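As a starting point, one isolated chain is supplied in structure tokens, in the form deposited in one PDB entry.
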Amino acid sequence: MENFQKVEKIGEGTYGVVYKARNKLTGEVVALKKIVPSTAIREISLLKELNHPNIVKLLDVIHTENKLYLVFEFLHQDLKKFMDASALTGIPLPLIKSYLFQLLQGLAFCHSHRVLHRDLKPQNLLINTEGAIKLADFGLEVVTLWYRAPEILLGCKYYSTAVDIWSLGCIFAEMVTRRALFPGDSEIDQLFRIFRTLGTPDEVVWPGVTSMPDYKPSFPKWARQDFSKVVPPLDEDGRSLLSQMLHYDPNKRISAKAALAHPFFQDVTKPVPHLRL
């Protein structure tokens, strides 16, 4: 830890502050996070071997003086900043497509190893100047509920990889319309916003939903709206994809691997974002 020189505070993560720093003898510029239970140590160690092009590289894990420091590769900025900056004209379609595709690649990889992200949002996606987008802050201030899957909000304790597909579909809709899809400010507000758009789920569309821990028979009964009203001007291929990523039943929700083969990605390319620097 006397090996690193803190250059600047670049963010406040879910677990600790994150700084841009320079490795004092070797010269690399890195992102340093300062977060210890043995379980945590073993879990984090297991994250060091989960390497993929669309997963922020965890370089080193320093367990010094009974505290934990994570050394990551350094990127350009988060997706939230980019979405905010592009808000007046919107992100070009080919770039939205590129980012979605790479995110499904990273999730297909995690999910094949039985690892879920669990908290996907624009705030933990990092981009670089070359057109890459990577998953960050996974496997470890009021936190956003906007991207949370319905089974989590209904009290399901053993949720699956499908919750990451839900969250990504929420991000996808927001990139296209330039507005949060379901901006709840409480768990019941989040649920009801989902219900008003997708219709109150019942035993027809989601077998077993009414048995879920926090499900209430008294929940208002809203009807489903069309996707043509939900994500205009998205084309039919994109809408067919998004609708499958937003199925209520987790066992019906498209998988990351199936998503990669959807026709929407037939003309996928890799454009360069219009960034800073």
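The term rigid core refers to the most C-alpha atoms you can superpose between the two forms while keeping them within 1.5 Å. The first residue of the sequence shown is number 1, and the count goes up from there.
Taking residue 47 and residue 48 as adjacent modelled residues, how many residues of the deposited sequence between them have no coordinates (none, 1 to 3, 4 to 9, 10 or more)? Gap between residue 47 and residue 48: none.
According to the entry, how many residues of the deposited sequence fall between residue 180 and residue 181 and are not modelled? Options: none, 1 to 3, 4 to 9, 10 or more. In the record, the chain runs straight from residue 180 to residue 181 with none unmodelled.
Residue range whose averaged C-alpha B-factor is higher in the record, 218-226 or 49-57: Stretch with the greater average CA B-factor: 218-226.
On average, are the C-alpha B-factors higher in 167-175 or in 189-197? The deposited B-factors put 189-197 ahead on the C-alpha mean.
Highest recorded Cα temperature factor - choice among 146, 109, 159, 138: That would be 138, according to the entry.
Just the C-alpha B-factor column, please: which of 239, 252, 42, 33 has the biggest number? Highest C-alpha B-factor among the listed options: 42.
Ranking the modelled residues of this chain by C-alpha B-factor as given in the entry, is residue 262 in the lowest, middle or highest third? Lowest third, going by the recorded CA B-factors of the chain.
Residue 90 CA temperature factor, ranked by third within the chain: Tercile = highest for this residue's CA B-factor.
Would you mind ranking residue 62 by its C-alpha B-factor against the rest of the chain and naming the third, lowest, middle or highest? Ranked within chain, residue 62 CA B lands in the highest tercile.
Lowest, middle or highest third - CA B-factor, residue 153: According to the entry, residue 153 has a C-alpha B-factor in the chain's lowest third.
Residue 231 - which third its CA temperature factor falls in, relative to the rest of the chain: CA B-factor rank for residue 231: middle third.
As for the form deposited in another entry, it is not shown, yet the points below apply to it.
Which is the one residue in 67, 224, 252, 52 whose C-alpha moves 2 Å or more between the shown form and the other one, relative to the superposed rigid core? After core superposition, the one over threshold is 67.
Large Cα move at residue 22 between the shown form and the other one, threshold 2 Å, rigid core: Yes, its C-alpha moves 2 Å or more.
C-alpha of residue 235 off by 2 Å or more between the shown form and the other one on rigid core: Where the cores coincide, residue 235 shows only a C-alpha shift between the shown form and the other one that is less than 2 Å.
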